[PDB]
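Report on the structure given below.
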There are 2 protein chains.
Amino acid sequence: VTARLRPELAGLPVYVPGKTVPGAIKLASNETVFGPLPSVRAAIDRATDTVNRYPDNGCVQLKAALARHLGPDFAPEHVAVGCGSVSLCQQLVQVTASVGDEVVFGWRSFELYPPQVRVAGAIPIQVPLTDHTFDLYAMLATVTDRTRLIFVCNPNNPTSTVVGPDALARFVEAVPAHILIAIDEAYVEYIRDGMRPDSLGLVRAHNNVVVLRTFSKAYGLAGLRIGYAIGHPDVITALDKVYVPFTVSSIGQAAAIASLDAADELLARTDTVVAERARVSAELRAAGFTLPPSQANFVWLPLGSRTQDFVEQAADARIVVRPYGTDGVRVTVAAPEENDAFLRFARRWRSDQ
Amino acid sequence: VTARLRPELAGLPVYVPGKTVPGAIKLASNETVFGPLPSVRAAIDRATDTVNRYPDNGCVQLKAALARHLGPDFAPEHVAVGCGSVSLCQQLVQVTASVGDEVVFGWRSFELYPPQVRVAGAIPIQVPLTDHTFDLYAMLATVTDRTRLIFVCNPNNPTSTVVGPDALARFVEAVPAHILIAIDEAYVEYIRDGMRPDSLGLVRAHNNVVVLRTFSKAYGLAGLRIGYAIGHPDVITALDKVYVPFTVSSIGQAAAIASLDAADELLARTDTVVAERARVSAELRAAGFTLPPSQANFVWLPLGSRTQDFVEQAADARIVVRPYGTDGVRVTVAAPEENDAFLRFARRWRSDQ
Ligand SMILES: Cc1ncc(COP(=O)(O)O)c(CN[C@@H](Cc2ccccc2)C(=O)O)c1O
Ligand SMILES: *Cc1c(COP(=O)(O)O)cnc(C)c1O
Ligand SMILES: N[C@@H](Cc1ccccc1)C(=O)O
């Protein structure tokens with residue numbers, strides 16, 4: 001006899017990290033490459049003084065700062081904070097979907113959507129992509145009476161691509177207005193080529209749109225775990241009901257506030273990443289690789305059954321990239337010397353095939 | 001029209017941030033009063049250098065340190081880590097209970113038990129205490145075909161009491177073996193008078209027992225959010241399947257490992273708390289208050305309908321204590337001069353009744 005656990009746990013699609021290759025160049029986690037600004041370390045140092053005290057559960061000053069950052073139409077009541085946007089992903093399922101309810105998203109997409117939906121006893125509706133891109137028409141066709149939540153990942157992880165900004169608006173307009181739609185905008189700060197949607201305009205115009213963002217990437221605080229959701233006050237209130245209390249640390253909040261104060265400098269750095277992304281993409285395509293147009297801080301290599309081998313051999317060259325089954329490899333765009341090292345590996349590996 | 005959210009959210013509380021008055025004495029969150037040791041600050045400071053990188057999702061070094069700390073009977077496979085033990089409480093519900101299922105606990109007890117159970121669509125079976133203590137017999141009598149999880153909070157929050165250590169073993173031996181039992185031991189470090197149960201021994205002897213502990217109180221890291229569970233490897237594996245990835249921060253892991261290195265010093269400090277707890281209890285009893293025997297870092301005042309008034313008047317005197325409905329007030333034992341300020345207020349308040 002053992003402790004009886006839920007049958008849903010059986011072969012639950014777990015998030016598995018990449019194995020650590022000591023000293024390897026880290027192109028597997030979509031991290032930016034710079035340590036904290038002086039003002040961010042100072043805020044962290046000051047917050048370290050009171051590590052014996054619980055954080056502000058309501059993240060009051062952080063919400064105020066976020067609403068200010070967001071603009072005049074946004075107040076603290078429109079903002080929920082979570083322990084990474086990954087926590088907010090689960091909170092969205094928890095406020096919308098239970099047993100038998102359906103959650104729709106393009107697939108392949110963020111690897112945590114399926115397990116988080118399954119943990120709730122809900123049914124993941126995984127809609128195939130075309131041109132490695134969310135197919136909004138196919139997703140809409142997939143809606144039923146049991147649909148309680150839709151995830152639009154934009155840019156998409158792991159395929160790197162974006163939908164058209166007006167297409168997104170038409171999609172939102174077409175979805176029954178009582179179904180919550182979450183636009184996961186983890187890489188929104190890297191979009192260029194006039195493809196960035198009117199994210200805030202959409203939440204202003206639609207009560208059922210919620211936008212998710214993160215401090216982990218462009219704002220460089222992946223280690224400290226701060227994400228936020230922007231939406232209608234009733235949606236925000238619900239997210240905070242299921243929020244596990246105190247999960248956003250005091251150091252996290254302090255660092256996040258200091259980072260918003262330095263947004264202009266931090267956002268400006270994304271230009272350099274975009275330039276390197278364009279260069280890495282061009283050189284890969286020149287060497288014979290196929291990949292879609294990226295609007296994030298990584299590219300997607302649909303290598304199929306060669307995925308495992310690519311990633312194993314990269315690891316032999318002290319380079320860590322992220323495999324996805326037998327679909328493809330996601331490679332983060334990092335510092336120029338690091339990207340060149342990846343490129344030398346890629347060209348050699350290609351020639352050998 | 002608004003987004004349709006789960007109706008079960010009506011069973012969950014909204015918290016609303018109360019006043020944050022400068023100079024108020026903080027006796028409402030069960031916190032210890034000392035800031036970080038030099039070695040803990042150093043761990044935090046060094047992990048800050050790489051805040052742009054994600055944490056170790058598997059908390060490998062922290063689990064190894066916990067397994068050491070636990071001794072030769074326990075390996076990393078017996079340990080799950082969570083973003084505070086509050087996160088692990090939810091994870092326990094997620095591996096055991098869904099719609100229709102029953103979760104048993106004493107009541108009044110940890111304020112998070114009911115909402116976390118409601119979130120899963122499960123039903124909380126709230127069993128009345130006897131003399132402000134868990135009634136283990138009454139709890140056993142409430143067990144049914146639908147019972148998937150039992151919480152025993154020991155010491156109990158908010159009533160401060162423990163069950164007999166031998167009685168706890170008898171109860172565990174008597175519970176049907178397929179039912180997971182969680183022993184919440186957030187205040188275990190404060191138990192004295194021969195009342196500490198053989199917590200680890202219960203884990204070793206029963207596949208269905210899990211123990212929850214925290215770095216928030218005795219180890220003084222409430223701000224950083226690290227809890228842990230000790231259990232059978234298959235239960236631990238399950239907890240880690242529903243674990244929200246990267247929620248335990250890099251700074252949190254670094255700080256916890258360093259605190260474990262300083263366990264002797266940190267644990268030695270609990271003796272002073274216990275001395276204050278006894279003094280506070282005696283002084284309250286001389287003033288005419290009746291309270292049960294505490295084994296935590298707080299005392300419980302069963303003031304019934306007078307609790308709201310007590311707490312409000314304390315707040316006017318710049319003292320923060322925690323109300324629990326019309327049941328009672330939980331008062332943290334902290335620095336002697338804070339405790340004296342509280343006692344002066346309590347004495348005045350009582351003589352005014
Ligand atoms: C599309 C998308 N949404 C959310 C998140 C989570 O970011 P957070 O704000 O929680 O740091 C990501 C991030 N993806 C990375 C890292 C990761 C984090 C949690 C779980 C799995 C992976 C990745 O490697 O996929 C994202 O892309
Ligand atoms: C304080 C407390 C905890 C610990 O919470 P953390 O999330 O570890 O800070 C757990 N359980 C109970 C009943 C408590 O009172
Ligand atoms: N989350 C509640 C209750 C709580 C207190 C302490 C720990 C966990 C939960 C609060 O704001 O205080």
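These numbers come from the heavy atoms of this one structure, side chains and all, not from hydrogens, waters or symmetry mates. Chain letters run A, B, ... following the sequence lines, proteins first, then strands; residues in each count from 1.
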Could you list the residues that satisfy side chain to side chain donor-acceptor pair (under 3.5 Å) with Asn154(B), not counting sequence neighbours? none
Those residues that, when tested against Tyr190(B), pass ring-ring contact (aromatic ring centres under 6.0 Å, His included) (two or more places apart): none
Rounded to the nearest 0.5 Å, how far does CG of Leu212(A) lie from CG of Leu88(A)? 6.0 Å
For the residue pair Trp349(B) and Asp309(B), confirm or rule out a side-chain donor-acceptor distance under 3.5 Å. yes
With ring centroids as reference points, do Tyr228(A) and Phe215(A) lie under 6.0 angstrom apart? yes
Please determine, by modelled atom types, if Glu31(B) and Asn52(A) share a side-chain donor-acceptor pair under 3.5 angstrom. no
Apply side-chain hydrogen bond (donor to acceptor under 3.5 Å, both in side chains) to the pair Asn30(B) and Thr332(B), showing each step before the final yes or no. CA-CA 5 Å; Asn30(B) 292 167; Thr332(B) 302; 2.7 Å; yes
Using the side-chain hydrogen bond (donor to acceptor under 3.5 Å, both in side chains) rule, take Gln90(A) and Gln94(B) through it: C-alpha gap first, then chi angles, then the decisive distance, then the call. CA-CA 12 Å; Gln90(A) 168 156 264; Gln94(B) 288 174 314; 3.2 Å; yes
With salt bridge (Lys or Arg N to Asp or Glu O under 4.0 Å) as the rule and sequence neighbours excluded, what pairs involving residues 6-18 of chain B come up? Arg6(B)-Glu8(B)
Expected output: side-chain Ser85(A) to main-chain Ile226(A) donor-acceptor under 3.5 Å: no
State which residues pass side-chain contact (heavy atoms from CB on, under 4.5 Å) with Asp101(A); sequence neighbours excluded, sorted by chain then number. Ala97(A), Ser98(A), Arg146(A), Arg148(A)
Could you check, using the six-membered ring where one of them is a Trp, whether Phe310(B) and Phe345(B) have ring centers closer than 6.0 angstrom? yes
Are there more than 12 heavy atoms of other residues, nucleotides or ligands under 6.0 Å from atom CD of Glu111(B)? yes
Tell me whether the count of non-hydrogen atoms from other residues, nucleotides or ligands lying under 6.0 Å of CZ in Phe34(B) goes above 12. no
Between side-chain atoms of residues 252-261 of chain A and protein atoms elsewhere (two or more places apart, or another chain), which donor-acceptor pairs fall under 3.5 Å?
| from | atom 1 | to | atom 2 | distance (Å) |
| --- | --- | --- | --- | --- |
| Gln253(A) | NE2 | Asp56(A) | O | 3.1 |
| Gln253(A) | NE2 | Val248(A) | O | 2.9 |
| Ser259(A) | OG | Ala255(A) | O | 2.8 |

Could you note down all residue pairs passing salt bridge (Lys or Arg N to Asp or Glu O under 4.0 Å) where residues 43-52 of chain B supplies at least one of them, sequence neighbours left out? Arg41(A)-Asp49(B), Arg46(B)-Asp49(B)
Does anything in residues 46-93 of chain A form a ring-ring contact (aromatic ring centres under 6.0 Å, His included)? List the pairs, not counting sequence neighbours. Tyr54(A)-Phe246(A)
Report yes if the side chains of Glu189(B) and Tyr219(B) come closer than 4.5 Å at any heavy-atom pair, otherwise no. yes
Tell me yes or no: between the side chains of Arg330(B) and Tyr324(B), is some donor less than 3.5 Å from an acceptor? yes
Applying side-chain contact (heavy atoms from CB on, under 4.5 Å), can you list everything that pairs with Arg118(B), at least two apart in sequence or on another chain? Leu12(B), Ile123(B), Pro124(B)
More than 12 heavy atoms of other residues, nucleotides or ligands under 6.0 Å from CG of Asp264(A): is that the case? no
Report yes if the distance between the aromatic ring centroids of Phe298(B) and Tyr187(B) is under 6.0 Å, otherwise no. yes
How would you list, by chain and number, every residue that makes a side chain to side chain donor-acceptor pair (under 3.5 Å) with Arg204(A), sequence neighbours excluded? none
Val51(B): which residues meet the side-chain contact (heavy atoms from CB on, under 4.5 Å) condition with it, sequence neighbours left out? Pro36(A), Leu221(A), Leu224(A)
For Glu185(B), which residues count as a salt bridge (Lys or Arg N to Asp or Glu O under 4.0 Å) partner, sequence neighbours excluded? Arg213(B)
The complete set of salt bridge (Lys or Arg N to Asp or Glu O under 4.0 Å) pairs with one or both residues in residues 221-243 of chain A, sequence neighbours excluded, reads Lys63(A)-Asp240(A)
